[PDB]
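Engineer: Submitted below is the structure of interest, expressed as structure tokens.
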Amino acid sequence: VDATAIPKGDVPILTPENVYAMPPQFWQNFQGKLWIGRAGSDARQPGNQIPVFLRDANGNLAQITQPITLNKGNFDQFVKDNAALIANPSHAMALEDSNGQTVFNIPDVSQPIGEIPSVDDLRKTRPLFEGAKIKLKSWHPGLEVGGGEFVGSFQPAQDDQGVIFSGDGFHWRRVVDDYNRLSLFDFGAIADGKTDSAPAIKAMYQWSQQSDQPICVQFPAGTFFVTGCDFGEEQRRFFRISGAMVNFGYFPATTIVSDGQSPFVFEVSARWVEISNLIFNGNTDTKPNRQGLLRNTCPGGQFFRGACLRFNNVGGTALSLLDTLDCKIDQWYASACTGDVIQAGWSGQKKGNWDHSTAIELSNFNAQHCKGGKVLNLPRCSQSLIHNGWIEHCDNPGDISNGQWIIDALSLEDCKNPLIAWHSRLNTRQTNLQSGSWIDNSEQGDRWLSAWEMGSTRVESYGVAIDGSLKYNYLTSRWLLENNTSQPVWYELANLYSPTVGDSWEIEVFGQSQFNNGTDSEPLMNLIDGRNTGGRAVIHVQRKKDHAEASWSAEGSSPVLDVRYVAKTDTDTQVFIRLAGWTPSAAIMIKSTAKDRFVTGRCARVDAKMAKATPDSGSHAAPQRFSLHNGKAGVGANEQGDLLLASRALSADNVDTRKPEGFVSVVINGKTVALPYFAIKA
Amino acid sequence: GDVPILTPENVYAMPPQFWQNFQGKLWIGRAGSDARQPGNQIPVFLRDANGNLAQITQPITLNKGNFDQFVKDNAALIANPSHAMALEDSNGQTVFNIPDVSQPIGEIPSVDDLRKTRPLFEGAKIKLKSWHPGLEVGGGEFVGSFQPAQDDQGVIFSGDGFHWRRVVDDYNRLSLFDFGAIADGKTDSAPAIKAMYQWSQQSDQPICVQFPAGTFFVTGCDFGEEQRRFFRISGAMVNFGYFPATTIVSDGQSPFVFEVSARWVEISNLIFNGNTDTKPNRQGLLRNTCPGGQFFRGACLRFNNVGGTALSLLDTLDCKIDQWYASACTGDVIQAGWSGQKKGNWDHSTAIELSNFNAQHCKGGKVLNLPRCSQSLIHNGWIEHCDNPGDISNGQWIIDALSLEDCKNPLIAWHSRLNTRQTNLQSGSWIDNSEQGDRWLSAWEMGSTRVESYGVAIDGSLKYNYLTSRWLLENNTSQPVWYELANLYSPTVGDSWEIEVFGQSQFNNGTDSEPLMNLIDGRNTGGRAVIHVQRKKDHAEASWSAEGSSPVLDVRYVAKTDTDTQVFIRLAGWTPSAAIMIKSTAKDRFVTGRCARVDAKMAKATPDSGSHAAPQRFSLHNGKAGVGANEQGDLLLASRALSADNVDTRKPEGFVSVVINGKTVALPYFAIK
Amino acid sequence: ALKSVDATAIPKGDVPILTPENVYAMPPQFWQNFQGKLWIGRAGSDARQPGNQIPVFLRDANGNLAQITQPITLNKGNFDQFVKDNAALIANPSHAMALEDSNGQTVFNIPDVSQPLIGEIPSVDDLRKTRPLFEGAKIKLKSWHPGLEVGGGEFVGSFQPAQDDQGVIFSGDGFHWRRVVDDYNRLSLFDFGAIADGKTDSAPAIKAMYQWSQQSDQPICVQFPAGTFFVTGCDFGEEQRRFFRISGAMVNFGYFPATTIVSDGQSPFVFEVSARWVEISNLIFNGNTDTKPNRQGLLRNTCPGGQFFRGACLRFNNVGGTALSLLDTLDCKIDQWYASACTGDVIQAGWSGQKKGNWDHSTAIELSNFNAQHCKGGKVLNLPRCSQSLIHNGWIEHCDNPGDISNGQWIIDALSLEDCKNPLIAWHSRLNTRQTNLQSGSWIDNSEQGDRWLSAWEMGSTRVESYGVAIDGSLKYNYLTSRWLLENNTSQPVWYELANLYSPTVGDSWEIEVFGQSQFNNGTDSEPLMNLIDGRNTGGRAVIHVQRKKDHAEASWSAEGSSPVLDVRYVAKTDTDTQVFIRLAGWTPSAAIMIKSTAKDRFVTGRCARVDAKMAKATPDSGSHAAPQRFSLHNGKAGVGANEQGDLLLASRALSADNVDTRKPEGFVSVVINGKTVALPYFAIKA
């Protein structure tokens, strides 16, 4: 029979692949009768057989009489000849064995097992009928990975290299129980750390985008070689990439390795990105390169989610984000990275004012021995947070300049250069700085925001530093002293440690002696021992060239009668006060010029004792003096008990000495007297 | 008590190979016996459609012709349910030989057909293709039983005198598919949810209710009012955090999609789309009304177009809601109330922790309806373009990194004990922490503390070991040095600054080796300079005083702007450490954006010619009498003027020992008559 | 068929190649129905062909051997006799094997069973006794233990040597079966022979799965399925390893894990590990100390030179021993953990180094989202010398000893101690705290008792509360301002009510500083100051003193420079409460209210000091008490002041006329008295 003796639209319905794709027992043992019949009826029935043509590899096109006898001999011959059965794709098919038992009876193959070794063979194996089930042993020949059950179809579907495998006028659909349990194995990846799994990653991403499946790129456990993947230009909504989903906090079960040729292993443009449970070994220690893990190119708002990420020997920028709206990177470790680790920039697009990054939360991270680039390349990060982070033996902790950062429990240890935080609005607790490490929060370089927005607050166990305003309801003391007794009592206030020669302390004993009514019953005549409401004592202490010395003043109804001091060392000064009788509550409030713990390690201390203690023999009386002036004239008092006065001394020659010009009412001691003054000669 | 033992559904169950080909012999004998045997055969009756009971001589011949006819007449074989049964195949082989079908392949398309198929024997296995016909979902392997078990619509499917139990390798891999839910976002999956809940309660399995990935239409599920221990509801368990792989839609008719009453509640990995934007309604997601303590756990939740209260909680002992998003919700989002109609016992909520959330374009309702929340926390939250950020009044809140942008009305925080850091207020948004409305606790509990980068505001007490300065100036030379302290920005006319230069000049011993005679230049311990700066109608003017051994000899100022004033000090020789401590009446960053600044220079710099000298003055009085000094170098005195008439003028009454300038001297006073 | 052969006459290296287990291992349909012929031939040949058959010996019940004639006839009768006689076919383990049915159709044709249908086996006991038919032969294990249908799966046979690991490899005499594992992360202790009955000791399974994961370098380590498991003390001690992971059923249950461990109390810890990295998650441990008292904890890690620890979703019920014991911790995260009625320590961490260097502390301890209830006899937290450490949102209620965090460095947010018998011991501990909730006499002892680990210079705590701030250390700021700035852009003085002062104790002193001045007109540097009160001056303030007396309070106020205040009145109508009014001067553009107090704050007492700020325009009631205008600057002997009558007060040593030269004033000094520059006279003192 000839070439154009074949009906229009007739196709090969059975090939050697159909012999291979049925169990060995069937090939070798089966003997029976095959009927290719008219569609919509039993093919064994009379006048139902449609034309069938045997075609050799040579190009033979002989018509074959039905039923077609099947047996090992005819199978062997069909395979050897690389032959094919051509007939109507719309056909009935019926097979019975040597006896008469119907194996199958399909009236229309277009309308509703055996094993296949590879995808290569699957794409060349036509289904027997619409719904025909097959088992794929493995994606690649004899790797025992990326296999599963497959349902055959004649309907047109494009090969996606994972779920749909298409041949000439047919395809096989992977039977997927849970779509969220597919991996790169299903898309033809191999965990040998050599075979490029980039085609599998590109195939699985395109599949997820088209079929709208959120799992996206899913790595199974093991090591994967990946060449640069550019999904670039086109803005997508989602790019998710996750390693083996197991609860391993430290070491993910998936590792990525590359050739260091692309600037990033993954080049994406997506509004929402999620990357987790991955180790990236950049191999920059042995084959130096500039290859990072992921860059997001999408302008006008990015959302990022990182979790359980290890960057080992990365020469490039590990993560590069753009126009960040919300970035959460938790449980990430960087070891011996020579490039930037966490980098975020802005498009500069005037609209939405994309001239900064927003809501960066970095938590539970450890950067070790990172030399060359910046661990944090995060300038202009507003409404951002750092929680429980360690950066050790890293040259450049990096840049958080012009930012707004809550920083809880950040540790810098043995870092060559400081964390750059120029014009950065920091709000910190428990910053741990060892081995010469520090944070540079100075006003160097360019300020992004107005001068009015500048300042940072540091809240430490050892004190508070506010580069800004303070306001409170009231100022109290940690130490309230009480003398509910008519007799005075000697207390030891504290031992003052003065780290530097010339350091000055002022102890304000705020509060008065007496709490009895009738202070407005009589006018005050005795300014010292009178009946006035209000009072304080002001003790001055300064570390001198050798040891220290003291001097004290008071106001109103003084809470202190006397103060003595003991200068045991050059740095140490014990301060005692004779707490006046009937002193109900006296608050201890201190001013100091001494360096605090923020400045030096061997810093200023107030070793508070606040205990009843008589000053020992060899204690020195702090002289009772005050001195209020303008550097020319003023008023004071001395320890002898004389009022001190200072003013321009006068020549008697310029004074009308004849008699006082006038008088003014002054209450000298207890008595209202008349203070005289003389006229000044013109 | 004979029953139908075989039906048309039994012919359907077995492989199609069997129907078409199988020739054989079927025996039904008495139990505890091989039925293929003389004297073992019990009577078997053939029921037909509109047909008599009749009887059939065993063995029962099986072939295509018989099966076709048997199915045709909707026929059945009637016998004693407790029977022996054996099957041969013309050849005389054994397919199965069962002495008793009472105690120890096939595919079935639907649960409808499964509930109609009687098992051949106890432990007979079949495949369920799908829960619903031709839907490829909710299927599995089932082991048949004659024992009486009730249909639970998921694991056990019951007929008349039989049931089918699902083989479950892991109970935590069951979904609503297995209980007959359809992920088409139209067919009501409420029967499946109710069925899976009832199952999990009775079987005491903790997974409770578990959605697969996809969209599900759910009519209101009211889980009675009786108090349960647990209610867990979860969408597709895949690590996302942004968009859960499970969406819920509804008809908006119930007040909540889930009416629960449990001590411990878990919602996670769900999007609820309320559809108020198109079909206005008042349907929330979940309300828990279990009294006497509640525990809540929310994670990865999206609320889109919710008209009702998204979450309603009662008598909360502990509530954690992390990674939750609300867009275009017209009702309340996070709502928590209490049972106690009077104070004492159940009159508040405890341990509310909201973290990593974003409420956007929520108009009408309160995003946070959380009054009287004690020991509570907010961490990294954003409320943008919302009418009512909500109510946290009479609360106790740690608030880290809360953002309010373009919110019409303030976050109501009346009498609320706030402890805040890095609050971002943009586009006229603010927090009302005032004392309006009812105070829940005592007046002694009130107060908030706001720690910002730009300053600290304490509505309460402060105490510290000692006050130091950010700026310590040193002059370890004999010669005075001109420093520029800072530039002061005074945003309002009249704003007053006072720069206390704490510390003294000189640090040599023997200050208490002689009495103080010269109050200015004497061997003294202690000292300070007090520089006063006020912004006047035009520019600023200054003046300054000192105490003891002054650290400052001179003060000059440069004021070439209404707002700006540079302050310079001539730091005295041998000033080993001088601390700069400032007071100001000027508005800080909490009040205004164009706020007060101290631009610290603290650098050696001579005043630039045009600088004006700050007069050396002090003034201590009561408003009637006092003492002072002026720049000329004169002591000032103020007191009541006396008439010479009222004074005994001829002789001084007495004297007092006064040290004038350097010398001890007698100060006179005349008597008044 | 019947050729009697001696055991000593059987070729060296010949073994039982087929046993009754091989008949039981076939599908039941095969046993009953199959009829055919079996060939055992030389390795590398078709065993059916002439001159390829090797000698096969049938062993009988009594142990006798006869060489059988091939082909070997297979049928139910022969299968029954073979099993009934507990018979075996002995031949060369290296052999070809061929099976035909009675028709002559080949089932197998294997030229060498050592080079690469499917039966079922009830238990591993039976699996270890079943020799594979050939290399790569597939079998289906129903379950690990007979009739439990857990720990079953698909197995592929081999004659290659492999040691039994009791989970993945099950070996017999010259063969083994390897489990088909698609995902090694889906294996559980069921696969290693554990039973979820809470009675049968699953220690062997835990030890087996552990040693497998170590030898195989699989990070999953020990994975429990859901249920209650009985575990005797497991010792993985002495040998220093990298990893120890142990986890219960991995399903997101927030509150109650689906896996419970229960033990006998005989070991000090259920798990004795020595690893650098440790992960415990999703486990309830019921110590049963309430009914059978003991000192058994859950886990101790003894690995020296740095330990990492991650804990999540852990419940400790009735634990008699130390629940968790860590050594030389470098990083410890314990999130979502609960302790109920435990009599021992719960979270314990110590160090190895005796001397004050190297390993003498713990580092980066982060305890979060925890709740300890009714724990009595031990420390909930036994964590001395914990540096760079954090507590976030934790409750300790009705526990005798909240524990020891002394000599530490802690951020503590939202810690609640309620009805705790003893304080949390935090001696010399560097605390940085917010929203600490202490109820029913619970407290934190942050005193300086016992040995201080670090230097005196490192000491101090900061407590930031809603009601106030307490700094045991330095404070510095750019400038002090006020919550309250009062304005009077008006030539007339205006009355304001500042606040109601609540003084909880008799003798409590308040000082209200009204910082700022009256006037803001230029030319204060034009004239020399002559009138110290009303003169053109820059700077100023009013200082208001208020003290609670035996009954009510009384006041008194002084001023500086250009005073912002003209008058002060007050209302003391109770012992505790004092309203303060100020007559704010004309043209005072901004006055900041700043306060000092001796009164006890909220840190000290519940009924604490208050400033009930009003800061509003209000004229004081005619019955209000006027505050006397006074100041008083002295040294206790001499000084200066002013009284409300408007007289300057001076104090100094009195002089007798006899020691004064009354003749002439010795000299004069220039003094500006009431604006006018005059000469203040002075007399000389006789020697």
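Chain lettering (A, B, ...) mirrors the order of the structure tokens, residue numbering begins at 1 for each chain separately, and ligand numbering begins at 1 in order of display.
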I'd like to know which residues of stretch 83-189 of chain A are alpha helix (DSSP H) (by DSSP, run on the backbone); could you write them as a ChimeraX atom specification?
Structural biologist: /A:119-122
Engineer: So which residues touch residue C:658 within 12 Å, counting only C-alpha atoms, skipping near sequence neighbours fewer than 2 positions away, as a PyMOL selection string?
Structural biologist: (chain B and resi 654-655+666) or (chain C and resi 655-656+660-663+684-687)
Engineer: With only C-alpha atoms as the counted atoms, please give the residues lying no more than 6 Å from stretch 169-178 of chain B, apart from itself and same-chain residues fewer than 5 positions off, as a PyMOL selection string.
Structural biologist: chain B and resi 138+154+192+207+210-212
Engineer: Using the chain letters and numbers from this document, which residues of stretch 157-272 of chain B does DSSP assign to strand (DSSP E or B), as an MDAnalysis selection string?
Structural biologist: chainID B and resid 157:158 163:166 188 209:210 214:217 221:222 228:234 246:249 256:260 262:272
Engineer: Between B:413, B:359, B:84, B:425, which has the minimum distance to residue B:446 (counting only C-alpha atoms)?
Structural biologist: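 Under the stated criterion, the closest residue is B:413.
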Engineer: Using only C-alpha atoms, determine which residues lie at most 8 Å from stretch 33-37 of chain B, disregarding the query and same-chain residues fewer than 6 positions distant; provide the list as a PyMOL selection string.
Structural biologist: chain B and resi 27+84-86+97-100
Engineer: Find the residues around residue C:440 up to 12 Å (only C-alpha atoms counted), leave out those fewer than 6 positions away in its own chain, and share them as an MDAnalysis selection string.
Structural biologist: chainID C and resid 397:399 416:423
Engineer: Report, in Å to a single decimal, how far apart atom CA of residue B:616 and atom CA of residue A:662 are.
Structural biologist: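 Computing the Euclidean distance for atom CA of residue A:662 and atom CA of residue B:616 yields 28.0 Å.
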Engineer: Name the residues in contact with residue B:164 at a cut-off of 12 Å, using only C-alpha atoms, excluding same-chain residues fewer than 6 positions from it; report them as a PyMOL selection string.
Structural biologist: chain B and resi 108+111-128+140-158
Engineer: Choose the residue, out of C:7, C:141, C:107, C:568, that has the smallest atom-to-atom separation from chain A; count only C-alpha atoms.
Structural biologist: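 Among the listed residues, C:107 lies closest to chain A.
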